[PDB]
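S.K.: Sequence and experimental coordinates follow.
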Amino acid sequence: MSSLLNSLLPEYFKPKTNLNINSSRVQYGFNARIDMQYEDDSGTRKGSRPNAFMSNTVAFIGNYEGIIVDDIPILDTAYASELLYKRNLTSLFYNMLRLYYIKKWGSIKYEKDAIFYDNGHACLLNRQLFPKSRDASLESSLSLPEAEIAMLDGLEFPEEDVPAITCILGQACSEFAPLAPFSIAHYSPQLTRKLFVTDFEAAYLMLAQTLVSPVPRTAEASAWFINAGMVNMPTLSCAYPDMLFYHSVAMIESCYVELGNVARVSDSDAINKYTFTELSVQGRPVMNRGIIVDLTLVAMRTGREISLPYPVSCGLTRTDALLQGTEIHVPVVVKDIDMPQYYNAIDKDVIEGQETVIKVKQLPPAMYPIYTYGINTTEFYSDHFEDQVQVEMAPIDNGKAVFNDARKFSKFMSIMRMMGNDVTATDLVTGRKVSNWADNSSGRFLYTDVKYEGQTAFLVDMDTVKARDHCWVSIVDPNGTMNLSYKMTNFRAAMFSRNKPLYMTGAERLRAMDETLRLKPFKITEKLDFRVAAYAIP
Amino acid sequence: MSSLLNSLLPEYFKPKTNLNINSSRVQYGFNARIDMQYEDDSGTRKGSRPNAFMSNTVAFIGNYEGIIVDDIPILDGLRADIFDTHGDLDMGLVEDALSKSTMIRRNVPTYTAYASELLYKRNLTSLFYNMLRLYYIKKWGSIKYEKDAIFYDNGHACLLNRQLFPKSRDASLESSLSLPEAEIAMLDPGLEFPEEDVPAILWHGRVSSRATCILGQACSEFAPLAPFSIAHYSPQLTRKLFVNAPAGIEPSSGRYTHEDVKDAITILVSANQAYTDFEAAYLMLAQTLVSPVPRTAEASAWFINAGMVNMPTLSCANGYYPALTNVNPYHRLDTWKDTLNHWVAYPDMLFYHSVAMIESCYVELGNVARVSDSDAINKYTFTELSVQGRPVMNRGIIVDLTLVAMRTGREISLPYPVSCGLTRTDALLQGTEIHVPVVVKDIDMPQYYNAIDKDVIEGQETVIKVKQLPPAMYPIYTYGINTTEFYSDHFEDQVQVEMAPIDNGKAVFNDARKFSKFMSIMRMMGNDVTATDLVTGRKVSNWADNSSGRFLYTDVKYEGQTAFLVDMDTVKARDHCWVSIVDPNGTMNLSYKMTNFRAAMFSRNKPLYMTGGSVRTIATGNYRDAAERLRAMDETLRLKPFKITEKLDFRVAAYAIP
């Protein structure tokens, strides 16, 4: 559905036809201009950040598995009556589209002993997260066999379990058995053995989910991509190409941003992680799985009613790591000796080179809003164009300021980050050090960087406030009530690949509203807690 | 359907009966008067071509291959009593009808049991199709096909008949086929149980000595030597054919003329009551009679791989049940005999109906190939939304009739949703590169064409890579009835190229639309312009055709960014009856006007004239008013007298009327 996914892109950005991708990693963002204005009891200070780059990172690596399931027929004598109620060519077009992009971008290298995430304290290699893998190019990954394409001559009885519609059709129907973990070369079962000689729209949306996978914002956000997500491919029965990259990035961003909020919803409300899809959908699908889950999250993001002609339930299901009451064991590598102080590690004493495991209870946000920046602003992300943040500074006793409240602590470290001051605080309950400079790519502070669900009080170190990036606005000693008023203008999209700039080249409405799928949006209603999110009907 | 194919012909076109075709190539078109004008700051330069010939070359060659498929039964012909209110064979009235007939009493119970299967075997389209091809093979039998002949030539690239059609020996159309005869046995009325998988037909009186030879050859394999359009490959329809004729079948004569095939068809349709079957066969042949010679060298991608013809299996069970066919048949539409009556009167009119259909299709497939897949009505799903019936499979005539509906902009209605004939949209739906062979003439070829080699000596066999399919025909019969801005087939048109004196003749066209109109109108004025793309570095020439004399944007042979540098001091006068651009300064304004239209046809570089009587628009009413009249003049020989009258001379006699 082109017109749907085309709407998600920002109004200022209009991409060109061709895009020569020559790597397994692409940064995308914008170069904005920030005009900050500071006021406190000491006096006033005015500055301006001339060029600030806010970006996510997306890759072509994601462990997926295919299952053949029975879905609804797309309707767009004895034998005909049995066959017409199972007609679906979506699975055939899906494989034909994957073969197109394997040949086009068939020079992408996957190295086994490469980095996946790297902050400075911890590190994840591609040996971990993807065992049973070797070093191979994308063209060298698959060695597809060929199914028998026979000619249908007068034959009176249709042979059962064979559809009726050379090298491309032969390989499209065959089994996919990859060596390197690639997004568009994932394991798929055999469609058919023989093949005698709106369905495309389903396959187009189904590939937009799979094509690219997010590189995690922090080390804790690797918990999403441990367990292999299942791709529901329908059973095969019948009786501007490069623009897909931008539509795919737009879709997976919208899903992984909104799951950041759904994860924080308490399991004692009307709309919760279990019963959010069922309340949203207003059709009759086979099961609330695949695309229905993803398009529900896009509706919640944009805040508009999305509509498909047929209630199709085919594609990747992401909400698997979310729907289980168990802490997830992310395997990590120790780079600095002081790692156990920051991350919730099993072994409290470690050495540089040791392979340990960290515990993740609540799933943090995997991506920050970039394309969907300021279309609807929540208090959690605080992705405003114009905003006036007001916070009251705690009394500095010796060289330490106690922040008992949770909301005030979030606003304080959010200001000091925009000014460009690397502040480090100690959580009193756990006894672990939090830092506002957690993510370098996106220049903002989320409350999930604390890495402790529940209630606590923070002891901020005001003496050891380092000066990483200093504009004229930037001050070290706050006094009384802190007011910061910033304005964002002059947005321009920029893409980076392999640490260099990647440039773009080239009569009556018979309603019939009974069978059609409709997805209703939910609006976030902020409340006093700030740690908990809550949904309501608009 | 004679009616819908008749409306496609232009208003000025007044056709006659006979057309004496004596070659395998015809240039149909029209003569128009073009009043061109070139306005500039210096002054205006007027021109006028009184006879401007816009033509589309059409040949009698084209690779096709027949396959026998299963299609719906056509129920028009059977008596109206056995049918129910809804319109399906109510079995129970069939048993009643067979009982009250002149049938053998011991056969009634065994024949009634078989009726459930055999009565739904009614499709004679395959037989009529082959018998129509035999008519035209014997009529236009003297046309020749040479092996080492020029299929296409534009000066730069040449394409021979050896390249497209291998396994091809040079021979005349008459000497191409050597048809073996199938057995025509006589049906014994006292047969115990009907033999299914063997069709039995009806006949009026005695099967003549020549009718045996025609039916024998019609139900046989076509194995041609030369690749002719009306003598393409067809499988064996049947091995044996029963004929329920009480008067015995005479043995095969061996020889027959084209007039004897018309005699065979008229008896077969009348006896079997199969007029809707003939209408299907008429539309099938209309597609696959003539194929278009490609407009450009790179427009040969349509005719590389052989397009499959869908011939429905020969199945008829009228011979076993003579009682069920009578003088009161069941028919859906009242105008169900119009297609046969038109063919019997004017056989040669099919040539004009054929070119009208292929010109309508290949024009629309031109501007269908230039739409992105990400759209509602696109390459794959343009047939499904248009069709409002229940055909078995969207192929054959359904795909060709829906393209005609888009061209004319009207609603086409058929009585039965039959899916038989040629399927054209084959190379389009594949959506891959096609490798057309070419023999080079000049040495500077691969700058213009997207060739595989960059340096090629003259007389070398190379390959051109065609990605997007260019239009194979230009609209001529459908000129300015449903106009689009791509073809730009207007009566009046103008273009404004804006230049300043500071620029020394050099103009850059940022817009793609007005670049197309400038290059096209300059060719009417007889000027050889050669533009060069600034981004890529390729070259395009407006002189890329010798038939229509227009420039379509698909002649660039590349989709990219638009920056065409045209140097206006290298413009060369090529043709006669031309306006001169000696040295332009300031803003240029080109314009033309087409005023009158006269139908013209060419063959062997000579005028081909239409002869015979004046063709009329035959209606159902025009014959049945003479049936209403009946010639009701009582057939009584009333002789009236003449009174002799005497005058001055008296030697000579003079008779008066009263």
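M.R.: Arrived safely, thanks for sending. Numbers count the residues shown, from 1 in each chain, chains lettered A, B, ... in the order given.
S.K.: Please make it C-alpha for all contacts and neighbour counts, starting now.
M.R.: Will do.
S.K.: Report the separation between the two terminal residues of stretch A:166-183.
M.R.: Length of stretch A:166-183, first residue to last, CA to CA, to the nearest Å: 25 Å.
S.K.: er, stretch A:429-446 I mean
M.R.: One end of stretch A:429-446 to the other measures 20 Å (CA to CA).
S.K.: Show me which residues of that stretch are buried.
M.R.: For stretch A:429-446, the neighbour count (16 or more other CA atoms under 10 Å in any protein chain shown) marks A:432-438, A:442-446 as buried.
S.K.: can you list those residues in JSON lines and add secondary structure?
M.R.: JSON lines is the format used below for the buried residues of stretch A:429-446 (DSSP: H, G, I helix; E, B strand; the rest coil):
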{"residue": "A:432", "secondary structure": "coil"}
{"residue": "A:433", "secondary structure": "strand"}
{"residue": "A:434", "secondary structure": "strand"}
{"residue": "A:435", "secondary structure": "strand"}
{"residue": "A:436", "secondary structure": "coil"}
{"residue": "A:437", "secondary structure": "coil"}
{"residue": "A:438", "secondary structure": "coil"}
{"residue": "A:442", "secondary structure": "coil"}
{"residue": "A:443", "secondary structure": "coil"}
{"residue": "A:444", "secondary structure": "coil"}
{"residue": "A:445", "secondary structure": "coil"}
{"residue": "A:446", "secondary structure": "coil"}
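S.K.: Between the residues you listed, which sits nearest chain B?
M.R.: residue A:442 (33.5 Å; CA to the nearest CA).
S.K.: and that closest one, what does it touch?
M.R.: For residue A:442, the contact set (CA atoms under 8 Å, 6 or more residues apart in numbering or on different chains) comprises A:53-56, A:368.
S.K.: Try it again at 10 Å.
M.R.: Residues counted as contacts of residue A:442 (CA atoms under 10 Å, 6 or more residues apart in numbering or on different chains) are A:29, A:52-57, A:217, A:367-370.
S.K.: Closest one of the residues you listed to residue A:6?
M.R.: residue A:370 (15.3 Å; CA to CA).
S.K.: and that closest one, how many neighbours?
M.R.: Residues within reach of residue A:370, counting by other CA atoms under 10 Å in any protein chain shown, total 22.
S.K.: closest point of the stretch 151-300 of chain A to chain B, which residue?
M.R.: Minimum separation of the stretch 151-300 of chain A from chain B (CA to the nearest CA) falls at residue A:154, amounting to 5.6 Å.
S.K.: Could you pull up the residues touching that residue?
M.R.: So residue A:154 contacts B:67-71, B:312-313 (CA under 10 Å, 6+ apart).
S.K.: And residue A:257, by the same measure?
M.R.: The contact partners of residue A:257, by CA under 10 Å, 6+ apart, come to A:297-298, A:301, A:364-370, A:372, A:381.
S.K.: Including secondary structure, could these go into TSV?
M.R.: Below are these laid out as TSV (three-state DSSP):
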residue	secondary structure
A:297	helix
A:298	helix
A:301	helix
A:364	coil
A:365	coil
A:366	coil
A:367	coil
A:368	coil
A:369	coil
A:370	coil
A:372	coil
A:381	coil
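S.K.: The residue of the stretch 251-400 of chain A found nearest chain B - how many residues pack around it?
M.R.: Among the residues of the stretch 251-400 of chain A, residue A:309 lies closest to chain B, at 12.5 Å counting by CA to the nearest CA. Residues near residue A:309, counting by other CA under 10 Å, number 14.
S.K.: isn't it right up against residue A:74?
M.R.: Yes. Between residue A:309 and residue A:74 there is a contact under CA atoms under 10 Å: 9.4 Å.
S.K.: so what sits against both of these two?
M.R.: Common neighbours of residue A:309 and residue A:74 (CA under 10 Å, 6+ apart) are residue A:198.
S.K.: can you give me the helices for the stretch 351-500 of chain A?
M.R.: Using DSSP state H, counting those that start in this stretch, the helices of the stretch 351-500 of chain A run over A:406-419.
S.K.: ok, now chain A?
M.R.: Assigned by DSSP state H, the helices in chain A fall at A:2-7, A:78-83, A:90-104, A:138-141, A:167-173, A:199-210, A:244-262, A:277-280, A:291-302, A:339-342, A:406-419.
S.K.: list the contacts for the closest residue to residue A:48 other than its chain neighbours?
M.R.: Counting by CA to CA, 6 or more residues apart in numbering or on different chains, the nearest residue to residue A:48 once its immediate chain neighbours are dropped is residue A:35, at 4.5 Å. Residues in contact with residue A:35 (CA under 10 Å, 6+ apart) are A:46-50, A:386, A:473, A:485-489.
S.K.: now swap in residue A:60 and tell me
M.R.: So residue A:60 contacts A:23-26, A:108, A:110, A:181-184, A:210-215 (CA under 10 Å, 6+ apart).
S.K.: List buried residues within these.
M.R.: The buried subset of the contacts of residue A:60 (16+ other CA under 10 Å) comprises A:24-26, A:108, A:110, A:181-184, A:210-215.
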